[PDB]
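For reference, the structure is listed below as C-alpha cells.
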Amino acid sequence: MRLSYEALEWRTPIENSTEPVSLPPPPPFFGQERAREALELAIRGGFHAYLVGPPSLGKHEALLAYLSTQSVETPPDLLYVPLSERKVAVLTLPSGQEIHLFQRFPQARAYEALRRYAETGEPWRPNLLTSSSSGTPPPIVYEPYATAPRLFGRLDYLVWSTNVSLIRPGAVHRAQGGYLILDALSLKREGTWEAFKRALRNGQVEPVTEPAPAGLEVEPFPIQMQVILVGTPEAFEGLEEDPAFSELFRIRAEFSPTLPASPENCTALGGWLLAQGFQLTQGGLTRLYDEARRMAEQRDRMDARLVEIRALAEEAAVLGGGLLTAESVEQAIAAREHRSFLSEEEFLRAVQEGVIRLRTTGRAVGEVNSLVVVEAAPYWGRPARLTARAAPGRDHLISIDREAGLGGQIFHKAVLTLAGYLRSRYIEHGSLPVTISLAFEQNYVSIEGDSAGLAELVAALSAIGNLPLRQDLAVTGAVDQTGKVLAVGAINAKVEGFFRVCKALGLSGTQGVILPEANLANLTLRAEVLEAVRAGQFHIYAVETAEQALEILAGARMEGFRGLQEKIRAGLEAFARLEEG
Amino acid sequence: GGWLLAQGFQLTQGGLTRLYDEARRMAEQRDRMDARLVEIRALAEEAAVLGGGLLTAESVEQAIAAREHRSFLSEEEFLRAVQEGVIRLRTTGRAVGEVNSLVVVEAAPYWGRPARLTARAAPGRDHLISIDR
Amino acid sequence: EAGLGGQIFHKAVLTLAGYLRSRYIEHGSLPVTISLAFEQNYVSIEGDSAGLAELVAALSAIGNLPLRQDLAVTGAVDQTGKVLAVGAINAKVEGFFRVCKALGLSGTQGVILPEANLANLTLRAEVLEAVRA
Amino acid sequence: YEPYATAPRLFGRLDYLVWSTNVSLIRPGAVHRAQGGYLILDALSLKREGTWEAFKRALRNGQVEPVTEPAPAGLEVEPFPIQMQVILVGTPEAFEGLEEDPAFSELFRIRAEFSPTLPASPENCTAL
Ligand SMILES: *[B]([O])([O])[C]([C][C]([C])[C])[N]C(=O)[C]([C][C]([C])[C])[N]C(=O)[C]([C][C]([C])[C])[N]C(=O)O[C]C1=[C][C]=[C][C]=[C]1
Ligand SMILES: *[B]([O])([O])[C]([C][C]([C])[C])[N]C(=O)[C]([C][C]([C])[C])[N]C(=O)[C]([C][C]([C])[C])[N]C(=O)O[C]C1=[C][C]=[C][C]=[C]1
C-alpha cells in the first residue's frame with residue numbers, strides 16, 4: 001500500500017501558539033502507576049525497596065518530592081554513650097531529652113556504669129548524633145557518594161587518644177527513623193556493598209579509623225530505617241546476583257520508559273514544566289510533547305525521560321529569549337542535529353563526489369539501496385548500496401560481509417533465514433541451481449542486525465530473474481522463512497536518511513522507501529520529510545511480504561503472467577541447464 | 001502454621017492454606033512443598049500489610065499478584081508489541097511447518113512466552129539446519 | 001590463506017569472485033582455479049584497493065593476455081566490476097614514479113586509477129613536470 | 001585552563017601546620033579559581049588521572065573536597081553551589097570513554113565540533 005501524507009502526519013494541531021500556559025503541577029509519579037504503588041507498599045510495610053529505570057527519567061527528584069509528603073513519629077534522640085574506656089554504644093531516647101547533661105534517664109541503663117574514681121585518684125561526655133522537632137517530613141537522606149566514612153561515619157583522633165566524643169555520624173545515622181537513598185552504582189563502585197549488608201543484616205555500623213594506636217569497640221545496634229536504592233535495570237544485575245539482595249530489597253519500583261500519549265499526560269508535562277520555572281506557550285508545549293512521542297518512535301507513546309525533556313526545553317528557552325515557544329523548540333532540535341552533523345555532511349560530500357558510489361534514479365539488476373544506521377549517538381541513518389550476483393551453482397548463498405568477518409550473528413541469521421525461504425520456495429530443480437553472492441558494496445565496518453533481509457532477498461530474486469529494480473526506492477525490513485516481512489527499528493532515521501541522500505543529489509520526484517506495514521505506528525517523520533510526501537516529492541510504501549516489495553521494485557506483478565514469477569522460474573531453469581550443459 | 005504463629009503473625013486458616021499452596025507452587029511440585037521458610041515469611045509480611053495486619057487467604061493471593069505486577073513491565077511491553085504486529089505471532093488458524101514453542105526468559109522472575117518457530121523443507125541431502133545454532 | 005590478508009582484503013577477493021563467476025557463465029561454474037600472490041610480501045596487507053589489480057591479473061591469466069608492466073594499478077572493485085575510489089592516491093602514484101625514476105624512465109610509464117579519485121590528485125611538482133613532458 | 005587534572009589541582013588542597021589545621025590552611029583549586037567564569041579541562045587528563053567521578057560529583061552535587069594525607073583530624077567542609085561553565089577539549093576518540101557514561105551527555109550538552117578541513121577558498125587563504 002501507499003501511505004498518504006494524511007496517514008503519515010502524526011503531529012498535534014496547534015491553536016493559539018503564543019498563548020501562555022497556566023497549569024497546576026502533576027503529583028510525583030504521574031503515568032508511573034506501578035512504581036508509585038510498589039513504593040506505597042514499601043512505606044506502609046517498613047520494607048526496603050529499589051527504584052529502577054533508565055537514565056534521565058527523574059527517578060530521584062520524584063522519590064524526594066514524594067517522601068517530603070510523608071509523615072511519621074518525631075525521631076528519637078540518637079546517641080553514642082560509653083560502656084568502658086574502650087567501648088561505646090548507640091542509644092535511643094525519646095526526643096529532645098538529651099539537653100539533659102535513676103536518674104530520670106532510666107532508658108540509659110548502662111551509662112551503671114559511669115561508676116569510684118577517687119578510690120584511686122583515678123582521674124567522657126555522652127554524645128548526640130541526631131535529634132528533632134517533628135516526624136514531618138521524615139528524615140530523607142540521599143548520599144549519592146557511598147563511601148564507608150560517608151555511610152558509617154568516622155572516628156577522628158585528638159592527640160593520640162580518642163573517646164566517644166570524637167565520633168562523627170554517617171548517613172546511616174542521619175537517616176534513623178526515616179529514609180536513606182543510595183545509588184546502586186555507587187555502592188558497587190565504592191566496594192561498600194558487603195559492609196552495608198552487614199549494617200542491615202546484622203546491625204553492624206563501624207566508624208572509619210586510620211591504618212593505630214588504640215581503637216574503640218562499638219556495639220551493634222538495631223537499625224531504624226527504610227533504604228531505597230536507585231539505578232538502572234543494568235545497575236541492578238551486579239546486585240541481584242547476590243541472593244542477599246532480593247532478601248534485603250523486596251519491593252521493585254520500576255519506571256516505564258514511556259507513557260501513553262494522552263491529553264492528560266501532555267497536560268501533566270505542561271504543569272511539570274511550569275513548576276520547573278519555564279515560561280511556556282501552548283505551541284511550545286505541543287512541540288515538546290510531540291518530540292517526546294518522537295524520541296520514543298511511538299505515535300501512541302511518549303518518552304518518559306523528564307530530564308531529557310527539560311534539557312531540550314532549557315535550549316529552546318535560550319533560543320526564544322527566555323520564552324518557550326513552538327519555534328524555539330523546533331530550532332533547538334534542528335541545532336542539536338547541526339551540532340552533530342559533521343559526519344553526515346562528510347558523507348553527503350563524498351556521495352556527491354562519486355567517492356561513495358550510490359544510485360538514486362534509474363534501475364539496475366540485482367542492486368538495491370538498503371538502509372543502515374551508524375552506531376554512535378545520535379544514530380544517523382544512511383542508504384548503503386547492496387549488490388547480488390547470481391551464477392550457475394550448487395545452492396550456495398554467499399554473504400560476503402559475513403564471510404569476511406564483518407557480519408554479526410543476527411546478520412548471519414538473516415542470511416540463513418532467506419536461504420531457507422529460497423531453497424524451499426523454488427523446488428522444480430531439486431536443490432537450487434545457483435550461487436548467489438551478496439555484498440554491501442562500500443562497507444568496511446561491522447554490520448549487524450536482520451533489517452537488511454528484505455533488501456537482500458529482493459536483490460537475490462532480481463539477480464535470479466534478471467529483473468531491473470528501481471534505484472530511487474530504498475528498502476528496510478526483516479524477513480522470516482515464509483517470506484513475510486517483519487518489523488524492524490530506527491525507522492525514522494532510516495527514511496530520513498534516504499531523503500537526505502536524495503535531496504543532496506536533487507530530488508527526482510519519484511523517490512521513496514519501502515518498509516514493513518508492521519512499523520506504521522513507529523513513523524514519526526520530521527516535517528521536511530512529511531512536506532515532501534504531501535508534495536508528491538517523496539513516497540512511502542509499506543508491505544507485508546517480500547514479493548510485494550519485489551513488485552514495486554521491478555514495476556510488475558508476480559503473476560497475471562507476464563509476471564515476475566515466470567521470469568524467476570525461467571532464470572532458475574537457465575541456471576539449471578548451464579549447470580549440466 | 002505454628003511456625004508462622006511463633007513468628008508473630010495473625011494467621012487465619014485461609015491465609016495458611018494459600019501460603020502452603022504457594023510453597024507447593026514455588027517448588028513446581030504438587031506433592032512437595034518449598035522448604036525456604038524465609039521466602040515464605042517474606043511473602044507473608046507482604047500479605048499482612050495488604051490485610052491490615054491480618055494474614056488471610058485474600059491478602060496472600062493479593063500479595064502474590066502484586067509481586068507479579070511489580071515485575072510485569074517487560075511482559076506488558078511484550079504483549080503491546082504482539083498486539084501491535086511488531087512481534088508476529090498466530091494464535092488461531094493453521095499453517096504448515098509453524099508452531100508456537102514456549103520459552104522462558106532468563107531473568108527473575110522467569111516469565112514464559114510463546115516464540116514462533118518455522119520449519120522449511122526442500123530437496124536436500126539429509127541436512128537438518130538449526131538456524132539459531 | 002597464509003594469514004597475511006586482512007578482512008577487507010579478503011572481502012575484496014570475494015567481491016571479485018562474485019564478479020567472475022557471474023560474468024562468465026557458458027560453462028556453468030567457472031572452469032578454473034586462479035591463484036593470486038603479492039610476490040614479495042612478508043607482512044600483513046589490508047584494504048580493498050588492490051581489487052582492480054587482482055581482477056585484471058585474473059582476466060589476463062584466463063585469457064593468456066600480456067599486460068603492460070610500465071603501468072601500475074590502484075582501485076577497488078564492486079560485484080558489477082565498476083571501479084571504486086580508494087585512498088592515499090598521491091602516495092601511490094608518487095611511489096611508482098620513484099621506482100621508475102630509480103630504474104630510469106622509459107617515457108611510457110604511468111598509473112591507472114579510478115576516475116572517482118580525480119579531485120584527490122594533488123601531485124608533487126616533479127611528478128606533474130614529468131606528466132607535462 | 002588546567003591541562004593536568006589531578007584532584008589537588010582541581011579541588012585544591014589542605015596542608016598541615018604542626019599537626020593541627022583550620023580554615024586558613026586551605027589552598028584553592030582550579031574549580032575555585034574558575035567561579036563565575038571558565039574552567040577548561042582536557043578529556044584525556046580527567047581520564048588518565050582517574051578524576052572523572054570526583055569531578056561529576058563536583059558538578060552534580062556541589063561536592064568539592066580539598067585533598068588530605070593518608071590523619072589525624074580533618075575538617076568537614078560543606079557542599080556549595082558551583083558557579084561556572086566548564087569546557088572540555090579533546091579528540092573524537094578522547095570522548096568515547098566519556099560518552100559511555102550516561103552522566104556525560106547529561107552534564108555536557110553542547111557539542112562544539114571542528115571540521116578537519118576547510119573549503120579551499122580565497123577567503124580562507126587570506127584568513128590563513
Ligand atoms: B537493521 O537491523 O536495523 C540494520 C541491518 C544492517 C544495515 C544490515 N542494522 C543496523 O543499522 C546496525 C545498527 C546497530 C548495530 C546499531 N548498524 C551497523 O551494524 C553499522 C553498519 C554500517 C554500514 C554503518 N555498523 C556500525 O555501526 O559499526 C561500526 C561503526 C560504528 C560507528 C561508527 C563507525 C563504524
Ligand atoms: B526449555 O529447555 O525449557 C527451553 C528451550 C528453548 C525455548 C528452545 N529453554 C528456555 O526457555 C531457556 C531458559 C533457560 C536458559 C533459563 N531460555 C533461553 O535460553 C532464552 C530464550 C529466549 C527466546 C527468551 N534466552 C535467554 O534468556 O537469554 C538471553 C536473555 C535473557 C534474559 C533477558 C534477555 C535475553
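Chain lettering (A, B, ...) mirrors the order of the C-alpha cells, residue numbering begins at 1 for each chain separately, and ligand numbering begins at 1 in order of display.
Near chain A, the residues of chain B that fall inside 6 Å (using only C-alpha atoms) are residues 49, 70, 85, 86, 121, 122 and 123 of chain B.
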Residues of the last selection are to be written out with N, CA and C atoms, as a JSON list (two decimals), in the first residue's frame.
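Wrote it out as out_15.json, contents follow:
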```json
[["chain", "number", "residue", "atom", "x", "y", "z"],
["B", 49, "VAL", "N", 0.62, -6.82, 55.37],
["B", 49, "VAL", "CA", 0.36, -5.40, 55.13],
["B", 49, "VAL", "C", -0.92, -5.16, 54.34],
["B", 70, "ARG", "N", 4.70, -5.95, 40.04],
["B", 70, "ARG", "CA", 5.85, -5.15, 40.24],
["B", 70, "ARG", "C", 6.97, -5.50, 39.22],
["B", 85, "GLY", "N", 1.57, -6.15, 16.18],
["B", 85, "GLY", "CA", 2.09, -6.90, 14.97],
["B", 85, "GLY", "C", 3.63, -6.71, 14.85],
["B", 86, "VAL", "N", 4.24, -6.05, 15.87],
["B", 86, "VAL", "CA", 5.71, -5.79, 15.97],
["B", 86, "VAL", "C", 6.40, -7.11, 16.21],
["B", 121, "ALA", "N", 11.09, -27.01, 4.32],
["B", 121, "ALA", "CA", 11.76, -28.22, 3.74],
["B", 121, "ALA", "C", 11.97, -28.10, 2.25],
["B", 122, "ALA", "N", 13.08, -28.64, 1.78],
["B", 122, "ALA", "CA", 13.38, -28.64, 0.37],
["B", 122, "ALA", "C", 14.14, -29.88, 0.00],
["B", 123, "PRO", "N", 14.18, -30.21, -1.31],
["B", 123, "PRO", "CA", 15.01, -31.32, -1.82],
["B", 123, "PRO", "C", 16.42, -31.09, -1.32]]
```
Contact check, chain A to ligand 1, at most 8 Å, counting only C-alpha atoms and all ligand atoms, closest pairs as CSV:
```
residue,atom,partner,partner_atom_place_in_ligand_line,distance
A:370,CA,ligand 1,7 (C),6.7
A:371,CA,ligand 1,7 (C),5.5
A:372,CA,ligand 1,11 (O),3.6
A:373,CA,ligand 1,11 (O),3.7
A:374,CA,ligand 1,24 (C),3.9
A:375,CA,ligand 1,27 (O),3.5
A:376,CA,ligand 1,32 (C),5.0
A:379,CA,ligand 1,16 (C),7.4
A:381,CA,ligand 1,11 (O),7.4
A:382,CA,ligand 1,24 (C),7.6
A:384,CA,ligand 1,23 (C),6.6
A:408,CA,ligand 1,19 (O),7.8
A:411,CA,ligand 1,8 (C),6.4
A:440,CA,ligand 1,23 (C),7.8
A:443,CA,ligand 1,23 (C),5.7
A:444,CA,ligand 1,23 (C),7.7
A:445,CA,ligand 1,29 (C),4.9
A:446,CA,ligand 1,28 (O),4.8
A:447,CA,ligand 1,19 (O),3.3
A:448,CA,ligand 1,19 (O),3.9
A:449,CA,ligand 1,2 (O),3.5
A:450,CA,ligand 1,2 (O),4.5
A:451,CA,ligand 1,1 (B),3.6
A:452,CA,ligand 1,8 (C),4.5
A:453,CA,ligand 1,8 (C),7.6
A:476,CA,ligand 1,1 (B),7.6
A:477,CA,ligand 1,1 (B),7.8
A:478,CA,ligand 1,2 (O),7.6
A:488,CA,ligand 1,3 (O),6.2
A:489,CA,ligand 1,3 (O),5.7
A:490,CA,ligand 1,3 (O),6.5
```
Within 10 Å of ligand 2 (only C-alpha atoms and all ligand atoms), residues as number ranges by chain: B: 74, 101-108, 110-117, 132
Could you write out the selected residues, including C-alpha atoms, as a short mmCIF file (atom, residue, chain, number, x, y, z; two decimals), in the first residue's frame?
```cif
data_model
loop_
_atom_site.label_atom_id
_atom_site.label_comp_id
_atom_site.auth_asym_id
_atom_site.auth_seq_id
_atom_site.Cartn_x
_atom_site.Cartn_y
_atom_site.Cartn_z
CA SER B 74 8.87 -6.41 30.40
CA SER B 101 7.05 -23.16 21.02
CA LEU B 102 7.46 -21.88 24.59
CA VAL B 103 10.48 -20.30 26.13
CA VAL B 104 11.35 -18.64 29.28
CA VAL B 105 13.31 -15.53 29.56
CA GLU B 106 16.21 -15.83 31.78
CA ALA B 107 15.91 -13.16 34.43
CA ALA B 108 13.91 -13.25 37.68
CA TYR B 110 11.34 -16.07 34.71
CA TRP B 111 8.32 -15.22 32.71
CA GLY B 112 7.36 -17.60 29.95
CA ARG B 113 6.30 -16.67 26.36
CA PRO B 114 5.34 -18.32 23.13
CA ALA B 115 8.06 -17.96 20.38
CA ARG B 116 7.25 -18.53 16.77
CA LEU B 117 9.05 -21.49 15.21
CA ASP B 132 19.80 -20.23 15.59
#
```
DSSP on the backbone, helix (DSSP H, G or I) only: what residues of range 12-98 of chain C does that give? Format it as number ranges by chain. C: 12-23, 51-63, 89-98
Between CA of residue 225 in chain A and CA of residue 59 in chain A, what distance in Å does the model show, to one decimal? 20.2 Å
Using only C-alpha atoms, what does the table of chain A residues within 7 Å of chain D look like, with each row giving the shortest atom pair and its distance in Å to one decimal, sorted by chain and ascending number, as CSV?
```
residue,atom,partner,partner_atom,distance
A:55,CA,D:102,CA,7.0
A:156,CA,D:73,CA,5.4
A:157,CA,D:72,CA,5.4
A:158,CA,D:73,CA,6.8
A:210,CA,D:71,CA,7.0
A:339,CA,D:111,CA,5.9
A:342,CA,D:115,CA,7.0
```
Determine the nearest neighbour of residue 35 in chain D from the options D:81, D:122, D:12, D:92, counting only C-alpha atoms. D:81
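Using only C-alpha atoms, the nearest neighbour of residue 120 in chain C within the list C:75, C:86, C:42, C:80 is C:86.
Residues of chain D that DSSP, applied to the backbone, places in strand (DSSP E or B): residues 2, 13, 14, 17, 20, 26, 27, 38, 39, 40, 41, 42, 67, 85, 86, 87, 88 and 89 of chain D.
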For residue 39 in chain D, find every residue with an atom within 7 Å (counting only C-alpha atoms), except residues of its own chain fewer than 6 positions away, and show them as a ChimeraX atom specification. /D:1,31,85-87
Expected answer as a PyMOL selection string: chain A residues within 8 Å of chain C, only C-alpha atoms: chain A and resi 353-357+387-393+400-401+403-406+437+439+441+444+575+578-581
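If you look at CA of residue 64 in chain B and CA of residue 50 in chain B, they are 10.8 Å away from each other.
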